[PDB]
Ligand SMILES: Cc1cc2nc3c(=O)[nH]c(=O)nc-3n(C[C@H](O)[C@H](O)[C@H](O)COP(=O)(O)OP(=O)(O)OC[C@H]3O[C@@H](n4cnc5c(N)ncnc54)[C@H](O)[C@@H]3O)c2cc1C
Ligand SMILES: Cc1cc2nc3c(=O)[nH]c(=O)nc-3n(C[C@H](O)[C@H](O)[C@H](O)COP(=O)(O)OP(=O)(O)OC[C@H]3O[C@@H](n4cnc5c(N)ncnc54)[C@H](O)[C@@H]3O)c2cc1C
Ligand SMILES: [Cl-]
Ligand SMILES: [Cu+2]
Ligand SMILES: [Cu+2]
Ligand SMILES: [Cu+2]
Ligand SMILES: [Cu+2]
Ligand SMILES: [Cu+2]
Ligand SMILES: [Cu+2]
Ligand SMILES: [Cu+2]
Ligand SMILES: [Cu+2]
Ligand SMILES: [Cu+2]
Ligand SMILES: [Cu+2]
Ligand SMILES: [Cu+2]
Ligand SMILES: [Cu+2]
Ligand SMILES: [Cu+2]
Ligand SMILES: [Cu+2]
Ligand SMILES: [Cu+2]
Ligand SMILES: [Cu+2]
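Right, here's the structure in full:
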């Protein structure tokens, strides 16, 4: 049999695939408000359901009301897919590791093979008054706000923080981003980060860099962010401090599973841990915190268990990602700073959004297009697409890079019209 | 004037692109355009851009006049940008006037202030198409009847909009005006709604349109059109229907009669189209034809590929050809839009191949719920002997983008396994291709 700890993209997908091949499965989930995983209940689906409602400038609580019915439908849906296959017991409890072989859930469960899918949890910065102060929420709590705050304060200049910054700005709120680094989006090209910042500055969002946050109070109906004799008064404070793996009260030392400093389970290329028949897929690995990467973790584990598995984590070339601001930033491959830091000489090519007629059709001609081409192989090394529907058209750049095809096939491709993917014709035609 | 090394007839997609590429290569180029409201081509002014601009506003239930106001701002910005991007190059002469073939070397441009004569070492026909008018009495004189061009310039949203034509452009206008709050009645002469598509997706499109108020009637031979008292009356077999405005969506045919191609040795078929090579060579030497005037598929990206053919001949590297075209995609811009590539299930059944047809309802795509439009369906056809994909039917929101992903691996001859295992962005509509081709046995 098999036991998977945690309703997650890899966990629920492995549980259904195992059940259809004849395995007795037992998936353990601690919350009935988390059927479907972090993505379905408090992650992508609720965040981008509201992001889509913000770019239309609809009422904020009417959109929260609608986010509540899209997550409620999907929460019932994902529990329906799991319990209506006979093999899968759904144990509504929080699991604890007794040894390699058996698990204790708050009932003790024995398993021939265990698969860890507990995901990650929000980390709090050790700032005095961060928990003692009302009006202070993380991403989950902020998604359940009862009224639109007039002034929103965000601790963190991360991708999750920029999403909510542009999301609430479109709703009608003043947003202040408090970032500690010297650069906005330090993991990005500076021409791209300059554009994102300018788009946010035009919607009222102040980007405060080198932000020193000493304490956080509550005084006169508002939250106060102390900063060495300078207080910023906001009506609600979101904290985008990133998430770290959730291997605390699993007590994974009992099973002999080595953990690194951040709490992530040390895992193999094919997702084997230190213990003999234990696996860990998803954010708990410590890798990229994406829903698609966790699904591929199921692909790696499934090939081992049900085929004969060549599948490895050394297969994932060009993992793309998107920051669902408005317009969304999609990125795959290296940046200009990375391509220049290595030996191969490159040519950078830029297409402004003003030259994309489809962006004019959709009433948002903001952002720019950018890509890097290797003059030695005519291949593509990276792309930064800051435009409407960039999350959809970046999949085309990633797929051609996977097959190692040159940039010319995108330069000469017959696309659909009018589309955003057809601007790739205009993009890679500026290459020489 | 002098003799131009290249003379292009029309501001179409291919010609306006060839003019910039030849002027940049040193050629003395002249482009003739018969209308100063047609700078930039049919698409920019009366085609894709104003149509889709309104559909995007119609999806938001925006007031019709405000959307027409924004439609005007978009067509007028790109018309002025498309004119100046040509008129600013020194080697390009944008010549207003209606061109007419005197010879295979000279043209007669018709400007009301006295004619001009223009000669060309090479001449490129790029006149596009024009509305087909069915032979129904009282269609030219009745005031409430409109073409596709005239309907996009309406001043008031008609409470009941009638469409003559079950074609793709008509269905596009069906959703657009039914989104604005109008009752629509599309009348198709054939006995099947969208007969070139599958019945399963044609049925899905009909019910999506029906729940929005669109009435679909087949077996329609309209015999007279009348204006009696403020509403257009169309008389039929045994019944009659009255609408506020009547739109003719009966297809477009090449516009060549006023070009008079016979005087240059240029052959034409009975549709009115110029006959061409796989290199877009007309029967007369040094005369090319590009775009919808060729009788080919009426898309902007096919006219763009036509420019690629002729640019590969005039500027080197031997020759590209229209024989290079395979798996040409298209999209019907409803809500949700219908995008397609490859063969339908109907054709795949008849082929006799060992096929597998997978079906995924859009209600199972979480990103479609994120956008409040879980309508439509996904379906594709897998060939079992080769593991390749023969066709796809993407009836979803943002179908016009991810259909280019399906066309990608079909051109490269890759199996369906590529899209079943690719790491797509999330949440996305392209990622559902992971779930769509997981249904393959
Ligand atoms: C605000 C926000 C926005 C995001 N946006 C995106 C985005 O745009 N794109 C993207 O790809 N990702 C995004 N993510 C990340 C995404 O939500 C997750 O990374 C994804 O769900 C990965 O899931 P997983 O496979 O790691 O399993 P998880 O879903 O992380 O598994 C956690 C589940 O296990 C349960 N669990 C934990 N411990 C136990 C235990 N001991 N016993 C029983 N059950 C337990 C939890 O209750 C929970 O249900 C976002 C996350 C957040 C917070
Ligand atoms: C309602 C509608 C919707 C459409 N939607 C789409 C869609 O979604 N996607 C898509 O790919 N395509 C679409 N099309 C098709 C698209 O508009 C055309 O296929 C595209 O513009 C290609 O045209 P062309 O290059 O052949 O020349 P055109 O763009 O048609 O250019 C013709 C030009 O030549 C000029 N001209 C004509 N005769 C003469 C003459 N004798 N002398 C001088 N100048 C002359 C005209 O004034 C005009 O400016 C649509 C068309 C319509 C009508
Ligand atoms: Cl084809
Ligand atoms: Cu997710
Ligand atoms: Cu806006
Ligand atoms: Cu069921
Ligand atoms: Cu306890
Ligand atoms: Cu037991
Ligand atoms: Cu304030
Ligand atoms: Cu102080
Ligand atoms: Cu404990
Ligand atoms: Cu067009
Ligand atoms: Cu609606
Ligand atoms: Cu001007
Ligand atoms: Cu001669
Ligand atoms: Cu008749
Ligand atoms: Cu009658
Ligand atoms: Cu009768
Ligand atoms: Cu004539």
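Residue numbers (PDB author numbering), protein chains in the order written: chain A, 5 to 110, 116 to 441; chain B, 1 to 441. Every residue, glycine too, gets a C-beta built ideally from N, C-alpha and C.
Under the three-state DSSP convention, the category residue 131(A) falls into: The answer is strand: DSSP assigns residue 131(A) an E or B state.
Ligand 19 heavy atom lying under 7 Å from the CB of residue 148(B): No, ligand 19 has no heavy atom inside 7 Å of this Cβ.
Neighbourhood of residue 258(A) by C-beta distance below 8 Å, restricted to the same chain and skipping five residues each side: Around residue 258(A): 98, 100.
Contact test: residue 260(A) Cβ vs ligand 11 heavy atom, cutoff 7 Å: Because some heavy atom of ligand 11 lies under 7 Å away, the Cβ of residue 260(A) counts as near it: yes.
Residue-chain proximity (residue 439(A), chain B), Cβ-Cβ < 8 Å: Closer than 8 Å: no.
For residue 54(A) and residue 176(A), believed in contact at Cβ under 8 Å, the rounded distance: Contact holds; Cβ gap of about 6 Å.
Contacts of residue 322(A) in chain B (Cβ-Cβ under 7 Å): Contact note: residue 322(A) does not reach chain B at a C-beta cutoff of 7 Å; the least C-beta distance is about 12 Å.
Cross-chain neighbours of residue 52(A) in chain B, by beta carbon under 7 Å: The contacting residues are 370, 427.
is_contact[residue 179(A), chain B] using C-beta, thresh 8 Å: With 8 Å as the cut-off, residue 179(A) does not count as an interface residue toward chain B.
Spatially closest choice to residue 89(B) from 157(B), 26(B), 269(B), by CA coordinates: Ranking 157(B), 26(B), 269(B) by Cα distance to residue 89(B) puts 26(B) first.
Contact between the stretch 410-426 of chain A and the stretch 372-387 of chain B (3+ Cβ pairs under 8 Å): No contact exists between the stretch 410-426 of chain A and the stretch 372-387 of chain B.
Cβ pair residue 132(A), residue 250(A) closer than 8 Å: Yes. Within cutoff.
Closest Cα partner of residue 322(A) within the set 342(A), 96(A), 294(A), 160(A): The residue with the shortest Cα to Cα distance from residue 322(A) is 294(A).
C-beta neighbour in chain B for residue 329(A), strict 8 Å: Output row for residue 329(A): interface = yes.
Identity of the residue in 255(A), 45(A), 371(A), 395(A) nearest residue 115(A) by Cα: Note on chain A: numbering goes from 110 to 116 directly, and residue 115(A) within that interval has no coordinates.
CB of residue 163(B) within 8 Å of CB of residue 140(B), strictly: Inclusion of residue 163(B) and residue 140(B) in the CB contact set at 8 Å is not warranted, their separation being larger than that value.
Opposing strand residues paired with residue 162(B) [DSSP bridges]: Looking at the DSSP output, residue 162(B) bridges to 185(B), 246(B).
The stretch 311-318 of chain B touching the stretch 9-27 of chain B, judged by at least three CB pairs closer than 8 Å: Output reads yes: the stretch 9-27 of chain B touches the stretch 311-318 of chain B.
CB contact check: residue 48(A) to chain B, cutoff 8 Å: Chain B, which has a Cβ nearer than 8 Å to the Cβ of residue 48(A), makes this yes.
8 Å contact criterion, which residue 423(A) and residue 276(B) should meet: CB distance rounded: The pair is not a contact, with the Cβ atoms about 18 Å apart (cut-off 8 Å).
Residue 111(A) CB to nearest heavy atom of ligand 13 below 7 Å: In the model shown, chain A runs from 110 to 116 with nothing in between, leaving residue 111(A) without coordinates.
Per-residue burial, residue 392(B) [other beta carbons within 10 Å of its own, 16 or more giving buried]: Label assigned to residue 392(B): buried.
Residues near residue 138(A) in its chain [Cβ-Cβ closer than 7 Å; skip 5 each side]: Counting only residues of its own chain and dropping the five nearest sequence neighbours on each side, residue 138(A) has a CB closer than 7 Å to the CB of 224, 225, 226.
Element boundaries [alpha helix (DSSP H), containing residue 435(B)]: Start and end: 432-436.
Exposure of residue 351(B), with buried meaning 16 or more beta-carbon neighbours within 10 Å: By the neighbour-count criterion, in which 16 or more other beta carbons inside 10 Å mark a residue as buried, residue 351(B) falls on the exposed side.
Beta carbon proximity, residue 366(B) to chain A, threshold 8 Å: Flagged as an interface residue toward chain A: residue 366(B), by a C-beta distance shorter than 8 Å.
Residue 290(A) beta carbon near ligand 1 (any heavy atom closer than 7 Å): Indeed, a heavy atom of ligand 1 lies less than 7 Å from the Cβ.
Contact between the stretch 358-367 of chain B and the stretch 339-347 of chain B (3+ Cβ pairs under 8 Å): Result no; under three Cβ-Cβ pairs closer than 8 Å.
At least 3 beta-carbon pairs within less than 8 Å: the stretch 7-23 of chain B vs the stretch 107-122 of chain B: Touching, per the Cβ criterion.
Beta-bridge pairing of residue 108(A) - partner residues as DSSP gives them: Residue pairing of residue 108(A) in beta bridges, as defined by DSSP: 100(A), 117(A).
Within chain B, the residues that residue 68(A) reaches when beta carbons sit closer than 9 Å: When 9 Å is used as the limit between beta carbons, residue 68(A) is near no residue of chain B, the shortest such separation being about 14 Å.
Extent of the continuous beta strand (DSSP E) run through residue 232(B): Secondary structure note for residue 232(B): its beta strand (DSSP E) is the uninterrupted segment 232-235.
Distance, residue 43(A) Cα to residue 367(B) Cα: The alpha-carbon atoms of residue 367(B) and residue 43(A) are separated by roughly 12 Å.
Counted within 10 angstroms of its Cβ, other Cβ atoms place residue 66(B) as buried (16 or more) or exposed: By the 10 Å Cβ count, residue 66(B) comes out exposed.
Those runs of the beta strand (DSSP E) which lie wholly inside the stretch 17-75 of chain A and span at least 3 residues: Fully enclosed beta strand (DSSP E) runs of 3 or longer: 29-33.
Proximity test, Cβ basis, 8 Å: residue 56(A) and chain B: Yes, because at least one Cβ of chain B sits closer than 8 Å to the Cβ of residue 56(A).
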